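*Asks:* Structure file upload_38.cif, mmCIF, C-alpha atoms and all ligand atoms, is pasted below:
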data_start
#
loop_
_atom_site.label_atom_id
_atom_site.label_comp_id
_atom_site.auth_asym_id
_atom_site.auth_seq_id
_atom_site.Cartn_x
_atom_site.Cartn_y
_atom_site.Cartn_z
CA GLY A 1 2.51 8.36 18.86
CA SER A 2 4.15 6.95 15.68
CA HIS A 3 1.59 4.16 15.20
CA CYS A 4 0.76 2.58 11.85
CA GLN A 5 -1.27 4.88 9.59
CA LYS A 6 -1.91 6.07 6.04
CA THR A 7 0.38 8.84 4.76
CA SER A 8 0.89 10.56 1.43
CA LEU A 9 3.01 9.02 -1.33
CA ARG A 10 2.87 10.60 -4.80
CA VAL A 11 4.20 8.11 -7.36
CA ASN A 12 5.59 9.28 -10.71
CA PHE A 13 5.17 6.59 -13.36
CA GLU A 14 8.36 7.59 -15.18
CA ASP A 15 10.39 7.16 -11.97
CA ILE A 16 9.27 3.51 -11.76
CA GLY A 17 9.61 2.73 -15.48
CA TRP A 18 5.88 2.50 -16.26
CA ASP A 19 5.50 5.51 -18.58
CA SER A 20 6.28 3.05 -21.38
CA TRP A 21 2.66 1.88 -21.20
CA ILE A 22 0.83 4.44 -19.00
CA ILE A 23 0.16 7.62 -20.98
CA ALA A 24 -1.83 9.37 -18.24
CA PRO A 25 -1.80 10.44 -15.49
CA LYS A 26 1.87 11.36 -15.03
CA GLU A 27 1.63 10.94 -11.24
CA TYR A 28 -0.94 9.72 -8.75
CA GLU A 29 -1.51 9.51 -5.00
CA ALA A 30 -0.74 5.92 -3.98
CA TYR A 31 -0.42 6.55 -0.23
CA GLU A 32 1.88 4.58 2.07
CA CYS A 33 1.48 2.84 5.42
CA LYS A 34 4.08 4.33 7.77
CA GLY A 35 4.80 3.72 11.43
CA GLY A 36 5.23 0.70 13.62
CA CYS A 37 3.15 -1.99 15.27
CA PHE A 38 3.90 -2.17 18.98
CA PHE A 39 1.95 -2.18 22.21
CA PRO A 40 -0.26 -0.33 22.94
CA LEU A 41 -1.95 -1.23 19.60
CA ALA A 42 -4.60 1.33 18.57
CA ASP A 43 -8.09 0.30 17.41
CA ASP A 44 -7.56 1.65 13.88
CA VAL A 45 -4.82 -0.84 12.87
CA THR A 46 -7.40 -3.68 13.27
CA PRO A 47 -4.78 -6.11 14.66
CA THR A 48 -5.22 -9.80 13.93
CA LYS A 49 -4.69 -12.33 16.69
CA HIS A 50 -1.54 -13.56 14.96
CA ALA A 51 -0.13 -10.03 14.74
CA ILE A 52 -0.74 -9.65 18.48
CA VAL A 53 0.87 -13.02 19.23
CA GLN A 54 3.83 -12.24 16.96
CA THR A 55 4.36 -8.86 18.64
CA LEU A 56 4.44 -10.54 22.05
CA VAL A 57 6.88 -13.22 20.85
CA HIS A 58 9.03 -10.54 19.22
CA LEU A 59 9.29 -8.69 22.53
CA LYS A 60 10.43 -11.87 24.29
CA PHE A 61 12.84 -12.96 21.51
CA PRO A 62 13.78 -9.84 19.52
CA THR A 63 16.61 -11.50 17.57
CA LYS A 64 14.78 -14.72 16.61
CA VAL A 65 11.22 -13.61 15.72
CA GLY A 66 10.21 -10.64 13.61
CA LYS A 67 7.79 -7.86 14.46
CA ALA A 68 4.26 -7.36 13.18
CA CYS A 69 4.18 -5.26 10.01
CA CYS A 70 2.40 -2.02 9.13
CA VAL A 71 0.89 -2.78 5.71
CA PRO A 72 -1.98 -1.78 3.45
CA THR A 73 -5.00 -3.90 4.34
CA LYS A 74 -7.42 -2.45 1.76
CA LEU A 75 -6.68 -1.02 -1.68
CA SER A 76 -8.55 1.27 -4.09
CA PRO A 77 -8.42 1.52 -7.90
CA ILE A 78 -7.47 4.44 -10.12
CA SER A 79 -8.12 5.19 -13.77
CA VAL A 80 -5.20 5.02 -16.19
CA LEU A 81 -4.88 5.83 -19.88
CA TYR A 82 -2.77 3.11 -21.50
CA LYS A 83 -1.64 2.18 -25.00
CA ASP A 84 -3.14 -1.15 -26.06
CA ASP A 85 -1.62 -3.81 -28.33
CA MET A 86 -2.53 -1.58 -31.29
CA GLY A 87 -0.93 1.51 -29.73
CA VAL A 88 -4.30 3.27 -29.37
CA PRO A 89 -4.90 5.17 -26.09
CA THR A 90 -7.40 3.12 -24.09
CA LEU A 91 -9.01 3.89 -20.73
CA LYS A 92 -8.89 1.39 -17.89
CA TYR A 93 -11.56 2.81 -15.61
CA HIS A 94 -10.92 0.73 -12.45
CA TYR A 95 -7.25 -0.27 -12.40
CA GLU A 96 -7.43 -2.15 -9.11
CA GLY A 97 -4.96 -2.25 -6.25
CA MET A 98 -3.16 1.03 -6.89
CA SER A 99 -3.95 3.19 -3.82
CA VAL A 100 -4.08 2.45 -0.10
CA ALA A 101 -7.56 2.65 1.42
CA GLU A 102 -6.73 1.34 4.92
CA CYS A 103 -3.58 0.44 6.87
CA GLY A 104 -3.19 -2.20 9.54
CA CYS A 105 -0.83 -4.32 11.59
CA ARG A 106 -0.47 -7.86 10.24
CL CL B 201 -7.90 -12.21 13.80
CL CL B 202 -12.37 -1.10 -15.47
CL CL B 203 -7.30 -4.07 -12.83
NA NA B 204 7.73 8.57 -7.82
NA NA B 205 16.34 -13.04 21.37
NA NA B 206 -18.00 5.05 -11.48
#
Go ahead and express the file in the form of structure tokens.
Ligand SMILES: [Cl-]
Ligand SMILES: [Cl-]
Ligand SMILES: [Cl-]
Ligand code: NA
Ligand code: NA
Ligand code: NA
*Replies:*
Amino acid sequence: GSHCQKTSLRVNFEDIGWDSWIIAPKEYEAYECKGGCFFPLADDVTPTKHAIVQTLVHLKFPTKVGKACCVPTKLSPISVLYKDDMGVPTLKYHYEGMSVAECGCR
């Protein structure tokens, strides 16, 4: 198998230096897109025509052209509790772009 898909990735905000302004949560599930893009290319990675063309060119010239990439293609928000300019804990209900919703080959 080993095709491109969504897998678990728990991110700790202190590990990445963001606990300076994110009070809560301490960690969250961000997910990660793992695996490769290579033929045969499954339906669920929704391959673009350019990703297909690039994969073919990469097979013919592996050292000159790169492969198609397994990336997040749709993201979801989370809620974070942050300290505002006044230092008061404030809720950001939909903090966009924080968690993978779908993966794909691009
Ligand atoms: Cl396309
Ligand atoms: Cl919001
Ligand atoms: Cl946002
Ligand atoms: Na982490
Ligand atoms: Na080559
Ligand atoms: Na809601």
*Asks:* Just checking: using only C-alpha atoms, which residue out of A:45, A:81, A:98, A:51 ends up closest to residue A:68?
*Replies:*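 When distances to residue A:68 are compared using only C-alpha atoms, the smallest one comes from A:51.
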*Asks:* Residues at most 12 Å from ligand CL 202 (chain B), using only C-alpha atoms and all ligand atoms? Could they come as a count of residues only?
*Replies:* 13
*Asks:* Residues of chain A that have any atom at most 6 Å from an atom of ligand NA 204 (chain B): could you tabulate them with the shortest-distance atom pair and the distance in Å to one decimal, using only C-alpha atoms and all ligand atoms, ordered by chain and increasing number, as a Markdown table?
*Replies:*
| residue | atom | partner | partner_atom | distance |
| --- | --- | --- | --- | --- |
| A:11 | CA | B:NA204 | NA | 3.6 |
| A:12 | CA | B:NA204 | NA | 3.7 |
| A:15 | CA | B:NA204 | NA | 5.1 |
*Asks:* Between A:57, A:22, A:70, A:30, single out the one closest to residue A:105, counting only C-alpha atoms.
*Replies:*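 Among the listed residues, A:70 lies closest to residue A:105.
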*Asks:* So, with only C-alpha atoms as the atoms that count, which of A:4, A:62, A:82, A:101 lies closest to residue A:43?
*Replies:* A:4
*Asks:* Would you tabulate, counting all atoms listed in the file, all residues of chain A that have an atom at most 6 Å from an atom of ligand NA 205 (chain B), showing the closest pair of atoms and their distance in Å to one decimal, sorted by chain then ascending number, as a Markdown table?
*Replies:*
| residue | atom | partner | partner_atom | distance |
| --- | --- | --- | --- | --- |
| A:61 | CA | B:NA205 | NA | 3.5 |
| A:62 | CA | B:NA205 | NA | 4.5 |
| A:63 | CA | B:NA205 | NA | 4.1 |
| A:64 | CA | B:NA205 | NA | 5.3 |
*Asks:* Any idea what the distance is between atom CA of residue A:39 and atom CA of residue A:8?
*Replies:* 24.4 Å
*Asks:* Around ligand CL 201 (chain B), at most 8 Å away and counting all atoms listed in the file, which residues are there? Put them as a PyMOL selection string, please.
*Replies:* chain A and resi 47-50
*Asks:* Keeping C-alpha atoms, export the residues of the selection given above as a PDB file, keeping the file's coordinate frame.
*Replies:*
ATOM      1  CA  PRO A  47      -4.780  -6.110  14.660  1.00  0.00           C
ATOM      2  CA  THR A  48      -5.220  -9.800  13.930  1.00  0.00           C
ATOM      3  CA  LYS A  49      -4.690 -12.330  16.690  1.00  0.00           C
ATOM      4  CA  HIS A  50      -1.540 -13.560  14.960  1.00  0.00           C
TER       5      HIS A  50
END
*Asks:* Which one is closest to residue A:9: A:29, A:102, A:85, A:44? Count all atoms listed in the file.
*Replies:* A:29
*Asks:* Considering only C-alpha atoms and all ligand atoms, can you say which of A:76, A:2, A:7, A:20 comes closest to ligand CL 203 (chain B)?
*Replies:*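 For ligand CL 203 (chain B), the nearest of the given residues is A:76.
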*Asks:* From the list A:23, A:58, A:71, A:10, which residue is nearest residue A:88 when using only C-alpha atoms?
*Replies:*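 Result for the nearest residue to residue A:88: A:23.
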*Asks:* Please write a file for stretch 61-82 of chain A, taken from the block I just shared, that holds N, CA, C and O atoms and is laid out as a PDB file, in the first residue's frame.
*Replies:*
ATOM      1  N   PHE A  61      12.598  10.990 -15.821  1.00  0.00           N
ATOM      2  CA  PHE A  61      13.803  11.748 -15.480  1.00  0.00           C
ATOM      3  C   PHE A  61      13.845  11.915 -13.967  1.00  0.00           C
ATOM      4  O   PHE A  61      13.539  12.994 -13.440  1.00  0.00           O
ATOM      5  N   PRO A  62      14.234  10.867 -13.236  1.00  0.00           N
ATOM      6  CA  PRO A  62      14.164  10.932 -11.765  1.00  0.00           C
ATOM      7  C   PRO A  62      15.078  11.974 -11.145  1.00  0.00           C
ATOM      8  O   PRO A  62      14.753  12.503 -10.075  1.00  0.00           O
ATOM      9  N   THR A  63      16.209  12.285 -11.775  1.00  0.00           N
ATOM     10  CA  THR A  63      17.185  13.198 -11.194  1.00  0.00           C
ATOM     11  C   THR A  63      16.969  14.652 -11.595  1.00  0.00           C
ATOM     12  O   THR A  63      17.598  15.538 -11.008  1.00  0.00           O
ATOM     13  N   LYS A  64      16.102  14.927 -12.572  1.00  0.00           N
ATOM     14  CA  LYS A  64      15.901  16.288 -13.047  1.00  0.00           C
ATOM     15  C   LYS A  64      14.548  16.880 -12.679  1.00  0.00           C
ATOM     16  O   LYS A  64      14.428  18.107 -12.623  1.00  0.00           O
ATOM     17  N   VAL A  65      13.536  16.052 -12.432  1.00  0.00           N
ATOM     18  CA  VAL A  65      12.188  16.516 -12.133  1.00  0.00           C
ATOM     19  C   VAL A  65      11.724  15.861 -10.840  1.00  0.00           C
ATOM     20  O   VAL A  65      11.906  14.656 -10.641  1.00  0.00           O
ATOM     21  N   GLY A  66      11.109  16.640  -9.964  1.00  0.00           N
ATOM     22  CA  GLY A  66      10.650  16.086  -8.709  1.00  0.00           C
ATOM     23  C   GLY A  66       9.353  15.311  -8.831  1.00  0.00           C
ATOM     24  O   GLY A  66       8.653  15.359  -9.840  1.00  0.00           O
ATOM     25  N   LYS A  67       9.030  14.600  -7.756  1.00  0.00           N
ATOM     26  CA  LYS A  67       7.815  13.809  -7.666  1.00  0.00           C
ATOM     27  C   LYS A  67       6.621  14.683  -7.283  1.00  0.00           C
ATOM     28  O   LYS A  67       6.761  15.833  -6.848  1.00  0.00           O
ATOM     29  N   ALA A  68       5.428  14.124  -7.454  1.00  0.00           N
ATOM     30  CA  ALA A  68       4.223  14.731  -6.903  1.00  0.00           C
ATOM     31  C   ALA A  68       4.242  14.568  -5.388  1.00  0.00           C
ATOM     32  O   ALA A  68       4.824  13.616  -4.867  1.00  0.00           O
ATOM     33  N   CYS A  69       3.603  15.498  -4.676  1.00  0.00           N
ATOM     34  CA  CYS A  69       3.720  15.567  -3.222  1.00  0.00           C
ATOM     35  C   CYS A  69       2.410  15.224  -2.527  1.00  0.00           C
ATOM     36  O   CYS A  69       1.333  15.656  -2.952  1.00  0.00           O
ATOM     37  N   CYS A  70       2.524  14.475  -1.435  1.00  0.00           N
ATOM     38  CA  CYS A  70       1.400  14.150  -0.565  1.00  0.00           C
ATOM     39  C   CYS A  70       1.226  15.283   0.440  1.00  0.00           C
ATOM     40  O   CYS A  70       2.056  15.457   1.339  1.00  0.00           O
ATOM     41  N   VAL A  71       0.153  16.053   0.290  1.00  0.00           N
ATOM     42  CA  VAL A  71      -0.034  17.277   1.066  1.00  0.00           C
ATOM     43  C   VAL A  71      -1.465  17.347   1.571  1.00  0.00           C
ATOM     44  O   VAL A  71      -2.364  16.676   1.046  1.00  0.00           O
ATOM     45  N   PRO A  72      -1.703  18.157   2.603  1.00  0.00           N
ATOM     46  CA  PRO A  72      -3.086  18.497   2.957  1.00  0.00           C
ATOM     47  C   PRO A  72      -3.725  19.305   1.838  1.00  0.00           C
ATOM     48  O   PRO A  72      -3.135  20.261   1.330  1.00  0.00           O
ATOM     49  N   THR A  73      -4.934  18.909   1.449  1.00  0.00           N
ATOM     50  CA  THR A  73      -5.691  19.624   0.434  1.00  0.00           C
ATOM     51  C   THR A  73      -6.930  20.308   0.990  1.00  0.00           C
ATOM     52  O   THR A  73      -7.572  21.075   0.264  1.00  0.00           O
ATOM     53  N   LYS A  74      -7.280  20.049   2.247  1.00  0.00           N
ATOM     54  CA  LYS A  74      -8.378  20.726   2.916  1.00  0.00           C
ATOM     55  C   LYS A  74      -8.060  20.772   4.401  1.00  0.00           C
ATOM     56  O   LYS A  74      -7.608  19.777   4.973  1.00  0.00           O
ATOM     57  N   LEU A  75      -8.295  21.927   5.019  1.00  0.00           N
ATOM     58  CA  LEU A  75      -7.967  22.138   6.419  1.00  0.00           C
ATOM     59  C   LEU A  75      -9.219  22.491   7.215  1.00  0.00           C
ATOM     60  O   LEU A  75     -10.207  22.995   6.672  1.00  0.00           O
ATOM     61  N   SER A  76      -9.163  22.215   8.520  1.00  0.00           N
ATOM     62  CA  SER A  76     -10.242  22.474   9.461  1.00  0.00           C
ATOM     63  C   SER A  76      -9.758  23.372  10.596  1.00  0.00           C
ATOM     64  O   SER A  76      -8.575  23.348  10.951  1.00  0.00           O
ATOM     65  N   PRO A  77     -10.642  24.173  11.180  1.00  0.00           N
ATOM     66  CA  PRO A  77     -10.248  25.021  12.305  1.00  0.00           C
ATOM     67  C   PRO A  77     -10.338  24.297  13.642  1.00  0.00           C
ATOM     68  O   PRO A  77     -10.945  23.233  13.773  1.00  0.00           O
ATOM     69  N   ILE A  78      -9.696  24.899  14.640  1.00  0.00           N
ATOM     70  CA  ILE A  78      -9.849  24.510  16.035  1.00  0.00           C
ATOM     71  C   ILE A  78     -10.136  25.772  16.836  1.00  0.00           C
ATOM     72  O   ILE A  78     -10.028  26.892  16.336  1.00  0.00           O
ATOM     73  N   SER A  79     -10.508  25.578  18.093  1.00  0.00           N
ATOM     74  CA  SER A  79     -10.703  26.685  19.017  1.00  0.00           C
ATOM     75  C   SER A  79      -9.487  26.787  19.923  1.00  0.00           C
ATOM     76  O   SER A  79      -9.024  25.776  20.462  1.00  0.00           O
ATOM     77  N   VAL A  80      -8.971  28.002  20.089  1.00  0.00           N
ATOM     78  CA  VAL A  80      -7.844  28.245  20.978  1.00  0.00           C
ATOM     79  C   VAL A  80      -8.209  29.348  21.956  1.00  0.00           C
ATOM     80  O   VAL A  80      -8.996  30.250  21.649  1.00  0.00           O
ATOM     81  N   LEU A  81      -7.637  29.260  23.150  1.00  0.00           N
ATOM     82  CA  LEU A  81      -7.751  30.303  24.162  1.00  0.00           C
ATOM     83  C   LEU A  81      -6.429  31.061  24.179  1.00  0.00           C
ATOM     84  O   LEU A  81      -5.390  30.502  24.546  1.00  0.00           O
ATOM     85  N   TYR A  82      -6.463  32.323  23.764  1.00  0.00           N
ATOM     86  CA  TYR A  82      -5.258  33.127  23.649  1.00  0.00           C
ATOM     87  C   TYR A  82      -5.344  34.352  24.550  1.00  0.00           C
ATOM     88  O   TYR A  82      -6.424  34.769  24.979  1.00  0.00           O
TER      89      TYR A  82
END
